[PDB]
>>> print(open('entry33.tsv').read())   # TSV, C-alpha atoms and all ligand atoms
chain	number	residue	atom	x	y	z
A	1	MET	CA	83.18	85.86	103.84
A	2	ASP	CA	84.30	89.32	102.81
A	3	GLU	CA	87.16	90.84	100.81
A	4	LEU	CA	88.88	87.61	99.84
A	5	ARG	CA	88.54	86.82	96.14
A	6	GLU	CA	88.21	90.57	95.60
A	7	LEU	CA	91.64	91.29	97.08
A	8	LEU	CA	93.21	88.33	95.29
A	9	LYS	CA	92.22	90.04	92.03
A	10	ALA	CA	94.82	92.71	92.79
A	11	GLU	CA	97.56	90.15	93.39
A	12	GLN	CA	96.48	88.08	90.38
A	13	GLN	CA	96.69	91.17	88.17
A	14	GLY	CA	100.10	92.11	89.49
A	15	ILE	CA	101.44	88.59	89.02
A	16	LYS	CA	99.99	88.40	85.50
A	17	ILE	CA	101.83	91.57	84.54
A	18	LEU	CA	105.01	90.18	86.13
A	19	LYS	CA	104.76	87.21	83.75
A	20	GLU	CA	105.04	89.61	80.81
A	21	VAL	CA	107.73	91.57	82.63
A	22	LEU	CA	109.79	88.37	82.65
A	23	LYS	CA	109.32	88.18	78.88
A	24	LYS	CA	110.28	91.81	78.28
A	25	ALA	CA	113.20	91.59	80.70
A	26	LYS	CA	114.75	89.00	78.41
A	27	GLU	CA	113.69	91.05	75.37
A	28	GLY	CA	115.48	94.08	76.78
A	29	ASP	CA	113.57	97.00	75.30
A	30	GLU	CA	113.09	100.38	76.98
A	31	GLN	CA	109.62	101.00	75.55
A	32	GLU	CA	108.34	97.58	76.57
A	33	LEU	CA	110.06	97.87	79.95
A	34	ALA	CA	108.83	101.39	80.71
A	35	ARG	CA	105.30	100.55	79.59
A	36	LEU	CA	105.32	97.46	81.80
A	37	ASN	CA	106.84	99.45	84.66
A	38	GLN	CA	103.96	101.87	84.17
A	39	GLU	CA	101.48	98.98	84.16
A	40	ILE	CA	102.98	97.66	87.41
A	41	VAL	CA	102.67	101.03	89.16
A	42	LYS	CA	98.99	101.35	88.24
A	43	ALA	CA	98.19	97.71	89.01
A	44	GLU	CA	99.91	97.54	92.39
A	45	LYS	CA	98.35	100.85	93.50
A	46	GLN	CA	94.94	99.58	92.40
A	47	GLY	CA	95.72	96.75	94.78
A	48	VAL	CA	96.58	99.27	97.48
A	49	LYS	CA	93.22	100.92	96.76
A	50	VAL	CA	91.14	97.76	97.35
A	51	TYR	CA	93.23	96.79	100.37
A	52	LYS	CA	93.02	100.25	101.96
A	53	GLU	CA	89.30	100.33	101.24
A	54	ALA	CA	88.82	96.92	102.85
A	55	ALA	CA	91.08	97.86	105.78
A	56	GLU	CA	88.65	100.57	106.87
A	57	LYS	CA	85.91	97.93	106.86
A	58	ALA	CA	87.69	95.13	108.71
A	59	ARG	CA	85.33	93.35	111.11
A	60	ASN	CA	88.33	91.73	112.78
A	61	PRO	CA	91.73	93.43	113.42
A	62	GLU	CA	93.39	90.27	112.06
A	63	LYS	CA	91.65	90.92	108.74
A	64	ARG	CA	93.11	94.43	108.76
A	65	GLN	CA	96.47	93.04	109.88
A	66	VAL	CA	96.74	90.86	106.77
A	67	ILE	CA	95.56	93.70	104.54
A	68	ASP	CA	97.86	96.27	106.16
A	69	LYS	CA	100.91	94.04	105.75
A	70	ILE	CA	100.24	93.50	102.04
A	71	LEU	CA	99.20	97.15	101.58
A	72	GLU	CA	102.62	98.17	102.88
A	73	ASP	CA	104.23	95.40	100.83
A	74	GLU	CA	102.57	96.36	97.56
A	75	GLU	CA	103.75	99.99	97.80
A	76	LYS	CA	107.24	98.73	98.66
A	77	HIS	CA	107.30	96.88	95.35
A	78	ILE	CA	106.40	100.02	93.41
A	79	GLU	CA	109.01	102.06	95.24
A	80	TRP	CA	111.64	99.59	94.04
A	81	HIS	CA	110.51	99.62	90.40
A	82	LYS	CA	110.23	103.41	90.54
A	83	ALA	CA	113.72	103.82	92.00
A	84	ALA	CA	115.17	101.98	89.00
A	85	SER	CA	114.21	104.75	86.55
A	86	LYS	CA	115.81	102.58	83.82
A	87	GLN	CA	119.58	102.45	84.22
A	88	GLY	CA	120.55	99.29	82.44
A	89	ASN	CA	117.99	97.04	84.04
A	90	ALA	CA	117.80	93.81	82.06
A	91	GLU	CA	119.91	91.05	83.57
A	92	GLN	CA	119.81	92.81	86.93
A	93	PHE	CA	116.10	93.42	86.43
A	94	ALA	CA	115.13	89.78	85.87
A	95	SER	CA	116.95	88.77	89.06
A	96	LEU	CA	114.92	91.29	91.08
A	97	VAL	CA	111.66	90.33	89.35
A	98	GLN	CA	112.03	86.82	90.78
A	99	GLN	CA	111.74	88.35	94.25
A	100	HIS	CA	108.59	90.30	93.35
A	101	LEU	CA	107.09	87.19	91.75
A	102	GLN	CA	107.87	84.95	94.74
A	103	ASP	CA	106.65	87.69	97.05
A	104	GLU	CA	103.21	88.12	95.45
A	105	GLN	CA	102.85	84.34	95.46
A	106	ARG	CA	103.62	84.58	99.17
A	107	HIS	CA	100.89	87.22	99.40
A	108	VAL	CA	98.51	84.57	98.07
A	109	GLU	CA	99.72	82.25	100.83
A	110	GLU	CA	99.31	85.05	103.36
A	111	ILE	CA	95.68	85.29	102.23
A	112	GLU	CA	94.58	81.77	101.26
A	113	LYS	CA	97.27	79.71	103.02
A	114	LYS	CA	96.09	76.71	101.00
A	115	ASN	CA	94.71	77.83	97.65
B	201	ZN	ZN	103.36	93.90	94.00
B	202	ZN	ZN	105.60	91.51	98.88
B	203	ZN	ZN	100.81	91.52	96.36
>>> encode(input="entry33.tsv", output="structure tokens")
Amino acid sequence: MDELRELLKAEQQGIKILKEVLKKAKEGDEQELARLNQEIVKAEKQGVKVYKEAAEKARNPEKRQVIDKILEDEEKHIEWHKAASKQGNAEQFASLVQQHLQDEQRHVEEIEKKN
């Protein structure tokens, strides 16, 4: 029983921000969007931090395997949001957010399976 609820905290935080991102995506404001983008970057990387930290303390390779997959995943998300750099991301943005949202929920399944 190690690094379970702790790691979920990262996903939970990311998902919680995504909820507001959905709101601001419909709002369509650069300041709100950039600020939220900024929040995402920090939150997801904080997730990477706890995952990477736990990875180097994985009693079982399978525990690292799950962490490593999400660790890679979580950075992938940021890379996408970073690559946007605000073009005209509103309608297009919301569509992509659905994927991030479904993905992090999948991360929960990858961890808990049945939560
Ligand atoms: Zn993420
Ligand atoms: Zn993912
Ligand atoms: Zn995640």
>>> closest_atom_pairs(input="entry33.tsv", of="region 46-83 of chain A", to="region 15-19 of chain A", cutoff="12 Å", atoms="all atoms listed in the file", output="CSV")
residue,atom,partner,partner_atom,distance
A:47,CA,A:15,CA,11.5
A:74,CA,A:15,CA,11.6
A:77,CA,A:18,CA,11.6
A:81,CA,A:18,CA,11.7
>>> closest_residue(input="entry33.tsv", among="A:71, A:4, A:41, A:33", to="ligand ZN 203 (chain B)", atoms="all atoms listed in the file")
A:71
>>> atom_distance(input="entry33.tsv", atom1="CA of residue 70 (chain A)", atom2="atom ZN of ligand ZN 203 (chain B)")
6.0 Å
>>> closest_atom_pairs(input="entry33.tsv", of="chain A", to="ligand ZN 201 (chain B)", cutoff="7 Å", atoms="all atoms listed in the file", output="JSON lines")
{"residue": "A:11", "atom": "CA", "partner": "B:ZN201", "partner_atom": "ZN", "distance": 6.9}
{"residue": "A:14", "atom": "CA", "partner": "B:ZN201", "partner_atom": "ZN", "distance": 5.8}
{"residue": "A:44", "atom": "CA", "partner": "B:ZN201", "partner_atom": "ZN", "distance": 5.3}
{"residue": "A:74", "atom": "CA", "partner": "B:ZN201", "partner_atom": "ZN", "distance": 4.4}
{"residue": "A:77", "atom": "CA", "partner": "B:ZN201", "partner_atom": "ZN", "distance": 5.1}
{"residue": "A:78", "atom": "CA", "partner": "B:ZN201", "partner_atom": "ZN", "distance": 6.9}
{"residue": "A:100", "atom": "CA", "partner": "B:ZN201", "partner_atom": "ZN", "distance": 6.4}
{"residue": "A:104", "atom": "CA", "partner": "B:ZN201", "partner_atom": "ZN", "distance": 6.0}
>>> residues_near_point(input="entry33.tsv", point="(119.3, 98.7, 81.5)", cutoff="12 Å", atoms="all atoms listed in the file", output="JSON, numbers by chain")
{"A": [24, 25, 26, 27, 28, 29, 30, 31, 33, 34, 84, 85, 86, 87, 88, 89, 90, 91, 92, 93, 94]}
>>> atom_distance(input="entry33.tsv", atom1="CA of residue 79 (chain A)", atom2="CA of residue 115 (chain A)")
28.2 Å
>>> closest_residue(input="entry33.tsv", among="A:57, A:113, A:107, A:76", to="ligand ZN 203 (chain B)", atoms="all atoms listed in the file")
A:107
>>> closest_residue(input="entry33.tsv", among="A:22, A:83, A:97, A:10", to="ligand ZN 203 (chain B)", atoms="all atoms listed in the file")
A:10
>>> closest_residue(input="entry33.tsv", among="A:62, A:96, A:5, A:54", to="residue 80 (chain A)", atoms="all atoms listed in the file")
A:96
>>> atom_distance(input="entry33.tsv", atom1="CA of residue 37 (chain A)", atom2="CA of residue 98 (chain A)")
15.0 Å
>>> closest_residue(input="entry33.tsv", among="A:82, A:9, A:112, A:69", to="ligand ZN 202 (chain B)", atoms="all atoms listed in the file")
A:69
>>> axis_aligned_box(input="entry33.tsv", around="region 87-98 of chain A", padding_each_side="5 Å", output="lines of an AutoDock Vina configuration file")
center_x = 116.1
center_y = 94.6
center_z = 86.6
size_x = 18.9
size_y = 25.6
size_z = 19.0
>>> closest_residue(input="entry33.tsv", among="A:1, A:48, A:36, A:58", to="ligand ZN 203 (chain B)", atoms="all atoms listed in the file")
A:48
>>> decode(input="entry33.tsv", residues="chain A", atoms="C-alpha atoms", output="PDB file, in the first residue's frame")
ATOM      1  CA  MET A   1       0.000   0.000   0.000  1.00  0.00           C
ATOM      2  CA  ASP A   2       2.207   2.760  -1.342  1.00  0.00           C
ATOM      3  CA  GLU A   3       1.858   5.658  -3.786  1.00  0.00           C
ATOM      4  CA  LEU A   4      -1.793   5.164  -4.654  1.00  0.00           C
ATOM      5  CA  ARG A   5      -4.016   7.895  -3.234  1.00  0.00           C
ATOM      6  CA  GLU A   6      -0.966  10.154  -3.369  1.00  0.00           C
ATOM      7  CA  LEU A   7      -0.599   9.771  -7.137  1.00  0.00           C
ATOM      8  CA  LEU A   8      -4.347  10.094  -7.683  1.00  0.00           C
ATOM      9  CA  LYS A   9      -4.061  13.571  -6.154  1.00  0.00           C
ATOM     10  CA  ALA A  10      -2.133  14.640  -9.253  1.00  0.00           C
ATOM     11  CA  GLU A  11      -4.785  13.293 -11.614  1.00  0.00           C
ATOM     12  CA  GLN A  12      -7.605  14.683  -9.470  1.00  0.00           C
ATOM     13  CA  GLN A  13      -6.001  18.127  -9.567  1.00  0.00           C
ATOM     14  CA  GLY A  14      -5.509  17.988 -13.316  1.00  0.00           C
ATOM     15  CA  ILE A  15      -9.089  16.867 -13.913  1.00  0.00           C
ATOM     16  CA  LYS A  16     -10.434  19.557 -11.572  1.00  0.00           C
ATOM     17  CA  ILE A  17      -8.634  22.234 -13.574  1.00  0.00           C
ATOM     18  CA  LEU A  18      -9.954  20.676 -16.794  1.00  0.00           C
ATOM     19  CA  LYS A  19     -13.489  21.215 -15.459  1.00  0.00           C
ATOM     20  CA  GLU A  20     -12.819  24.958 -15.336  1.00  0.00           C
ATOM     21  CA  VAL A  21     -11.047  24.783 -18.684  1.00  0.00           C
ATOM     22  CA  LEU A  22     -14.327  23.507 -20.137  1.00  0.00           C
ATOM     23  CA  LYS A  23     -16.031  26.569 -18.671  1.00  0.00           C
ATOM     24  CA  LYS A  24     -13.449  29.016 -19.999  1.00  0.00           C
ATOM     25  CA  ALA A  25     -13.338  27.291 -23.382  1.00  0.00           C
ATOM     26  CA  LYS A  26     -16.986  28.220 -23.842  1.00  0.00           C
ATOM     27  CA  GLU A  27     -16.295  31.667 -22.362  1.00  0.00           C
ATOM     28  CA  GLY A  28     -13.551  32.231 -24.911  1.00  0.00           C
ATOM     29  CA  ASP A  29     -11.204  34.645 -23.167  1.00  0.00           C
ATOM     30  CA  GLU A  30      -7.443  34.787 -23.689  1.00  0.00           C
ATOM     31  CA  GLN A  31      -6.629  35.787 -20.110  1.00  0.00           C
ATOM     32  CA  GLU A  32      -8.761  33.030 -18.618  1.00  0.00           C
ATOM     33  CA  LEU A  33      -7.467  30.544 -21.192  1.00  0.00           C
ATOM     34  CA  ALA A  34      -3.787  31.438 -20.772  1.00  0.00           C
ATOM     35  CA  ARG A  35      -4.070  31.435 -16.987  1.00  0.00           C
ATOM     36  CA  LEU A  36      -5.740  28.020 -17.101  1.00  0.00           C
ATOM     37  CA  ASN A  37      -3.163  26.794 -19.614  1.00  0.00           C
ATOM     38  CA  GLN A  38      -0.554  27.956 -17.130  1.00  0.00           C
ATOM     39  CA  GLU A  39      -2.370  26.149 -14.311  1.00  0.00           C
ATOM     40  CA  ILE A  40      -2.448  22.951 -16.383  1.00  0.00           C
ATOM     41  CA  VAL A  41       1.294  23.062 -17.081  1.00  0.00           C
ATOM     42  CA  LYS A  42       2.131  23.443 -13.391  1.00  0.00           C
ATOM     43  CA  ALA A  43      -0.427  20.860 -12.251  1.00  0.00           C
ATOM     44  CA  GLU A  44       0.474  18.153 -14.760  1.00  0.00           C
ATOM     45  CA  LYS A  45       4.211  18.591 -14.085  1.00  0.00           C
ATOM     46  CA  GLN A  46       3.539  18.371 -10.349  1.00  0.00           C
ATOM     47  CA  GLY A  47       1.969  15.072 -11.277  1.00  0.00           C
ATOM     48  CA  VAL A  48       5.100  14.125 -13.199  1.00  0.00           C
ATOM     49  CA  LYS A  49       7.076  15.040 -10.072  1.00  0.00           C
ATOM     50  CA  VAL A  50       5.193  12.656  -7.755  1.00  0.00           C
ATOM     51  CA  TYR A  51       5.142   9.913 -10.385  1.00  0.00           C
ATOM     52  CA  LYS A  52       8.867  10.227 -11.151  1.00  0.00           C
ATOM     53  CA  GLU A  53       9.607  10.301  -7.428  1.00  0.00           C
ATOM     54  CA  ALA A  54       7.528   7.164  -6.864  1.00  0.00           C
ATOM     55  CA  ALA A  55       9.030   5.477  -9.934  1.00  0.00           C
ATOM     56  CA  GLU A  56      12.483   5.496  -8.337  1.00  0.00           C
ATOM     57  CA  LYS A  57      10.945   3.779  -5.310  1.00  0.00           C
ATOM     58  CA  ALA A  58       8.898   1.093  -7.041  1.00  0.00           C
ATOM     59  CA  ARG A  59       9.072  -2.206  -5.149  1.00  0.00           C
ATOM     60  CA  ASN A  60       7.630  -3.969  -8.194  1.00  0.00           C
ATOM     61  CA  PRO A  61       8.467  -3.147 -11.865  1.00  0.00           C
ATOM     62  CA  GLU A  62       4.719  -3.282 -12.586  1.00  0.00           C
ATOM     63  CA  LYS A  63       4.256  -0.390 -10.156  1.00  0.00           C
ATOM     64  CA  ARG A  64       6.887   1.544 -12.105  1.00  0.00           C
ATOM     65  CA  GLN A  65       5.300   0.428 -15.377  1.00  0.00           C
ATOM     66  CA  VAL A  66       1.989   2.056 -14.471  1.00  0.00           C
ATOM     67  CA  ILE A  67       3.740   5.183 -13.211  1.00  0.00           C
ATOM     68  CA  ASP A  68       6.047   5.414 -16.232  1.00  0.00           C
ATOM     69  CA  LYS A  69       3.152   5.144 -18.673  1.00  0.00           C
ATOM     70  CA  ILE A  70       1.218   7.953 -16.972  1.00  0.00           C
ATOM     71  CA  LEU A  71       4.408   9.976 -16.437  1.00  0.00           C
ATOM     72  CA  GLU A  72       4.949   9.898 -20.200  1.00  0.00           C
ATOM     73  CA  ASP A  73       1.240  10.540 -20.751  1.00  0.00           C
ATOM     74  CA  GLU A  74       1.058  13.555 -18.464  1.00  0.00           C
ATOM     75  CA  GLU A  75       3.955  15.327 -20.220  1.00  0.00           C
ATOM     76  CA  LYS A  76       2.330  14.507 -23.574  1.00  0.00           C
ATOM     77  CA  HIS A  77      -0.740  16.442 -22.463  1.00  0.00           C
ATOM     78  CA  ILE A  78       1.325  19.512 -21.591  1.00  0.00           C
ATOM     79  CA  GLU A  79       3.191  19.346 -24.879  1.00  0.00           C
ATOM     80  CA  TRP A  80      -0.150  19.572 -26.677  1.00  0.00           C
ATOM     81  CA  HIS A  81      -1.447  22.528 -24.648  1.00  0.00           C
ATOM     82  CA  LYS A  82       1.940  24.231 -25.015  1.00  0.00           C
ATOM     83  CA  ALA A  83       2.012  23.726 -28.791  1.00  0.00           C
ATOM     84  CA  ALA A  84      -1.285  25.606 -29.089  1.00  0.00           C
ATOM     85  CA  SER A  85       0.249  28.926 -27.966  1.00  0.00           C
ATOM     86  CA  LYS A  86      -3.239  30.442 -28.426  1.00  0.00           C
ATOM     87  CA  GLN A  87      -4.171  30.622 -32.099  1.00  0.00           C
ATOM     88  CA  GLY A  88      -7.931  30.738 -32.054  1.00  0.00           C
ATOM     89  CA  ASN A  89      -8.463  27.864 -29.677  1.00  0.00           C
ATOM     90  CA  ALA A  90     -12.051  27.941 -28.467  1.00  0.00           C
ATOM     91  CA  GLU A  91     -14.307  25.613 -30.435  1.00  0.00           C
ATOM     92  CA  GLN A  92     -11.282  23.589 -31.503  1.00  0.00           C
ATOM     93  CA  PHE A  93      -9.996  23.738 -27.946  1.00  0.00           C
ATOM     94  CA  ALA A  94     -13.100  22.269 -26.291  1.00  0.00           C
ATOM     95  CA  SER A  95     -13.029  19.329 -28.706  1.00  0.00           C
ATOM     96  CA  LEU A  96      -9.436  18.527 -27.706  1.00  0.00           C
ATOM     97  CA  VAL A  97     -10.164  19.029 -23.993  1.00  0.00           C
ATOM     98  CA  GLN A  98     -12.631  16.130 -24.175  1.00  0.00           C
ATOM     99  CA  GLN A  99      -9.701  13.868 -25.047  1.00  0.00           C
ATOM    100  CA  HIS A 100      -7.600  15.112 -22.124  1.00  0.00           C
ATOM    101  CA  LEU A 101     -10.573  14.714 -19.787  1.00  0.00           C
ATOM    102  CA  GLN A 102     -11.375  11.173 -20.960  1.00  0.00           C
ATOM    103  CA  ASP A 103      -7.671  10.356 -20.841  1.00  0.00           C
ATOM    104  CA  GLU A 104      -7.108  11.404 -17.211  1.00  0.00           C
ATOM    105  CA  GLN A 105     -10.239   9.475 -16.278  1.00  0.00           C
ATOM    106  CA  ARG A 106      -8.592   6.532 -18.022  1.00  0.00           C
ATOM    107  CA  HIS A 107      -5.503   7.221 -15.905  1.00  0.00           C
ATOM    108  CA  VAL A 108      -7.731   6.688 -12.872  1.00  0.00           C
ATOM    109  CA  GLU A 109      -8.816   3.360 -14.382  1.00  0.00           C
ATOM    110  CA  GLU A 110      -5.181   2.512 -15.104  1.00  0.00           C
ATOM    111  CA  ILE A 111      -4.513   3.034 -11.385  1.00  0.00           C
ATOM    112  CA  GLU A 112      -7.668   1.964  -9.521  1.00  0.00           C
ATOM    113  CA  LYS A 113      -9.366  -0.145 -12.228  1.00  0.00           C
ATOM    114  CA  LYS A 114     -12.517  -0.072 -10.091  1.00  0.00           C
ATOM    115  CA  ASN A 115     -12.678   3.135  -8.076  1.00  0.00           C
TER     116      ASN A 115
END
